[PDB]
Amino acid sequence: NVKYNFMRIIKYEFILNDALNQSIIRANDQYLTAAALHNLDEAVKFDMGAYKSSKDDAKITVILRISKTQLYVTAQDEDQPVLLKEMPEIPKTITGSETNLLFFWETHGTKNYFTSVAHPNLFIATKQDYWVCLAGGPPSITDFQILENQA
C-alpha cells in the first residue's frame, strides 16, 4: 500500500521541550520520560530524518533517532509508552506495520506535534509521573518546542 522512502536527516541534535518546560530524557533503557531540567545536558538529543510518501500526504513524515545512537522512537498503541528500537542503519524503505517508526510532523506557530503514521489521531505525549506515550490529547501534553543545535 503506502510506502515511505528515506530522504535525509534534516535536523541534528535538537531537544524536545513540552509546553510545561519539561525536557524529554531517558527514563531507563527502554523508555523516555519528561522532566523540568536546569541543565539541558541531561535532555535527550534527537535527529530527525525525513521520508517521502508514495502518495500526496498532507504533512511531512519523519523518523526520530536519539543522536549518536542507533535508537529510533517507535509508537505502540494508545496510552502506551513509546519504545526505543535498535537498528543497524536508518530504514531506507518503510511500509506496513513498520509505519509505527514514523510520525507526521506538524507546526502551529512555535508548537510542534508528532502524530503516529500508524495511529494518526495519537500524538507523542508527556504525562506527569509517566513515560512518554501516545495520547489523544489533554490532559497529556502534545505540543513540543524544538530546541536546535544542542549537541
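The numbering used is simple: start at 1 and walk along the sequence shown.
Stretches 56-64 and 93-101 differ in mean CA B factor, with 93-101 having the higher one. In this entry, 82-90 has the higher mean Cα B-factor, the comparison being between 119-127 and 82-90. Ranked by Cα temperature factor within the chain, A43 sits in the middle third according to the deposited record. The deposited CA B-factor of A50 belongs to the lowest third of values across its chain. Ranked by C-alpha B-factor against the other modelled residues of its chain, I146 falls in the middle third.
In this PDB entry, the Cα temperature factor of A19 sits in the top third of its chain's modelled residues, the highest group.
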